[PDB]
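Take a look at the structure tokens below, where one protein chain is shown in two forms, each on its own, as structure 1 and structure 2.
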Structure 1
């Protein structure tokens, strides 16, 4: 009797699982919202620098009319290489934020020390991918890596059709601080990661005025075999592809149809992505250099580390945000904890979602979210950045692990606006001029120099309908 090789495993549930980390795929959590889980782990924050200047130059006559196709192609060529490293070293890719990426090695606290060594070896192989090459003749893109280790909380929130997850706490806060301390080609360890790490293994140099450290080299001791050490660590790696599946990057590639799991997994993914997954739309439809309006909402709390206090507030804000956006086909692209505060990256005019008077609605929507979230229990400050223009929209990452992302100077601009002008709604010149709303709805703001943005142009507070 023949035993033919089981065919390519390409079910909708497998395609859905590409968009989600193992934290969610194999999560099986309560029905309730908010949901909170606590554990420990080791985080990697990989930032790519250069790619919004790339988005600008790919949004030029140069690339004829294939700017976004050429852009996602070269972006995914480098990002698939990093995703491969992280996966092969046992990491779970939690989230893509443009050309930036957060990874988790979730592990029992006694294994944190050993797992930090694994995550360092990984960090240095990632850097070593970008020691060689370059694009636009010479060099423009390298990576900065921040590492943290300790307590981690996960928050799951949403309603009957949508779900979003966040990771929270001091190791989350630390991994961001560690990353923006780094220069190109650096691996920065958070203080508690350096405190929990195997110091016989790792040569470091001190960071000026910062308690964090900078990794120089792995100097393993004489009886060290990394492959044997790695194998030892895999005992602690729940979902690490092994046995008949050692040839796979993700155990999630072996997921079988399960209606109840698929039902819960699809709530994390946009309906335009599911449409593609269902072969009801062309696979290239979703890669676009497209005019959009970014609404970046940031919520500050007295204590951004306590999921128990803040999770209800995030849930309540989500419930209001989701109903304000629905009206105008606005989307919550991502939610994430960003150097203080819970941030909602909201997008007006995604593919097939282009409402008329996008700018007036983006502004009215912002004020609405501003006023609601200001009266929610335990939200200290609400800040909203509004920016409009040509951004790259597309599926970013690896075949086995990818998400829909927005990339561009306008995304950086909205994000930086909500931080340099806290407690207000702000907008750029494109939104202000374009809305054509009367000039007294706006207040022109002082000029601030802002990180990761060259000329913002004139900026405005959206004051709203009344003088109040």
Structure 2
């Protein structure tokens, strides 16, 4: 008999799995929401704002109405290379944002030391991708890397139709802190990472007024062989592609149809993405420069380190947020957490979710969320930033690991507003002027210098319908 080869690997379940980390794909968790689990790992936070700041100029007439198509193409070219490095070195890309990606090497406590070495090497090789690369006249196509290590908590929250996850805890906070100490081309280790690492491998230096350290060099001992060392480390990497599947970047590429599993995984993925996955929408429909309203919600907790308290709080907030968003076809694009604040990047006006009065509704939705979440047990402060303008939407990443992501100055603005104007609902000038709501529903705010925003324009507090 003949032996035709090539296992078919393009099933819907596999396509869905591209949008998710191994943490979720192979997780098999209880149905309770919230669900929490705990482990140890090494984290890598790669700041990619250097080249995703490209977005503004892709709206220029120069790109002849193909700005979004060109932007996703060039971004994915670069980001794909980063993802491949992460994957080949054994890491799990947890999420993408417009300005960063976060990767995890989950391992038993005893192997943290050796895995940090692996992750440093990976980091250095990532920087190596960009050492001599630019466009037009600007080589700011470079990245900044923070690494952290230690205890990590995982939270899964959602309802019967939608799920979201976060990793949280000090190591997660640490990786964020480390990355924003990094200059271009730097690899910065959190204090704990530095404490736990193989100091014989690496030369570091101090970071002024900081216990974090900068990696100057990976200088391995005389008879060290990284490839053999890596192979030893793979013993502790549950899903590293191997044997007959050593040619694949992800084990998830080998997933077979399993309706129960697919039911669980699809809950993490937006319906419009599922439509594309199911070949019921053109594969390029979701790459666009689109006017939207961003409602960025930040929840700060009474006790920031107590995962057991924050989980139920986020779940309670989520249940309300999703109900309010349904009422106006708003969608949660991302959920993020560091600094102890949990933030929901909500979007009004995504593809196929048009509808006029987007501004009035965004503001009313923001206020509703604010009022409700402010009453949630353990939520100390709610802050909401509302900004409206043209943003890039598209699936960003590698073929095998990518996510629908929104990128733009207005996303950054809403994000900065919620942090620099805590405890209130704020909006930009577009939103204020477009709502046409009475002017006394607002308060004109002092201008604040916000990191990453040049010329925010006049900003406003949405005070609401009444003085009280």
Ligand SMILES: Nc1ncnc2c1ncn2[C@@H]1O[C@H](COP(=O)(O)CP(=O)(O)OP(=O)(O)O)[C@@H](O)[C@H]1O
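In this text, rigid core is short for the largest set of C-alphas that superpose within 1.5 Å between two forms. Positions refer to the first chain, counted from 1.
Between the two displayed forms of this chain, it is structure 2 that matches the form solved without the ligand. Fit the rigid core and compare the CA positions between structure 1 and structure 2: of 338, 372, 318, 89, just 338 moves by 2 angstroms or more. Remark: with the core as the superposition reference, the CA shift of residue 304 between structure 1 and structure 2 reaches 2 Å or more.
Once the cores line up, the CA of residue 52 ends up 2 angstroms or more apart between structure 1 and structure 2. Once the cores line up, the CA of residue 73 ends up less than 2 angstroms apart between structure 1 and structure 2. When the core is overlaid, the C-alpha of residue 223 ends up 1.2 Å from its other position between structure 1 and structure 2.
Note on residue 138: its Cα is shifted 2.9 Å between structure 1 and structure 2, core used for superposition.
Comparison between structure 1 and structure 2 places the CA of residue 7 4.1 angstrom away from its other position, after core fitting.
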